[PDB]
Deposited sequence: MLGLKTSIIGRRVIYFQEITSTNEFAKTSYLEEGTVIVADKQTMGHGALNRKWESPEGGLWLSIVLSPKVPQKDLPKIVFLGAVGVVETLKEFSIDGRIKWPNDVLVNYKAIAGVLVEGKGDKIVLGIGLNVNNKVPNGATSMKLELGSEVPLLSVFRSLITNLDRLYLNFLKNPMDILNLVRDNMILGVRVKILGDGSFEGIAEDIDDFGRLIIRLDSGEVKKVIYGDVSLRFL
């Protein structure tokens, strides 16, 4: 009854009033490619590192993918989610910018996060977007940005449509997404990579593998992988 006209993403949609995590369900359940798992609320939502607040009002969903692309391209699925969110936000007159590698900010406030996990040769693309829900201190939502409630289903429709388009092109031209990320991410600013061997520098660009290129004050250039990176804006 939803009348979705997408090719792959959204062929099937499993909706939950409540769920532990859409990502966990998508990983542990046999689902055909393109199946979307979405819930009004998550009781155990999570993302990069070890919680992702998922109260009623937001868009919490996961997409099952099994892309038949070269091994080295598989890691770029996270960018499809980030760019899809940016495109949807623009449709609603909101300017979102990507905080490499998986977050979307509006005026430097977090409005969405992407988490990609796997199970077998299935890839699960998880996306959390604050719409009308309460958000953690320092974060924002479409409602807070627009000053009014936003029809949640309309956001879902927009995002699924954008993701389907990005995914279909990714299957044929897997390098294209990097250009979209580059033109929509925060660059030219100082950042600090946390953890062992922590360092600071200017976030210059992302390379052909989606690695963040940082120029340290000494002139040294380091390439950061986005598997489970911890980054801070200075």
Not represented among the modelled residues are deposited positions 51
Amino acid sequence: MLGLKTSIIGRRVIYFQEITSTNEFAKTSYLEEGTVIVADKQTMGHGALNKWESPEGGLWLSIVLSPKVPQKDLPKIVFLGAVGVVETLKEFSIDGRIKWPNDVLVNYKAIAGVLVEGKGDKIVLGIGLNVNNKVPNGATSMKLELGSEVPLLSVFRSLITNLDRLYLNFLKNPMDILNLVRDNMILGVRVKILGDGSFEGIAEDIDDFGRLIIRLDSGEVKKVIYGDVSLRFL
From here on, numbers count along this sequence of modelled residues.
With B-factors read from the PDB entry, the higher C-alpha mean of 89 to 97 and 156 to 164 is in 89 to 97
Higher of the two mean Cα B-factors (26 to 34, 178 to 186; per PDB record) comes from 26 to 34
Among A39, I202, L65, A48, the highest C-alpha B-factor in the PDB entry belongs to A48
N130: C-alpha B-factor third of its chain, per the entry, is the lowest
Quick tally, chain-level thirds of C-alpha B-factors: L74 sits in the highest
Split the chain's modelled residues into thirds by Cα B-factor; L216 lands in the middle
Entry-reported C-alpha B-factor of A112 relative to its chain, by third, is lowest
Entry-reported C-alpha B-factor of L194 relative to its chain, by third, is highest
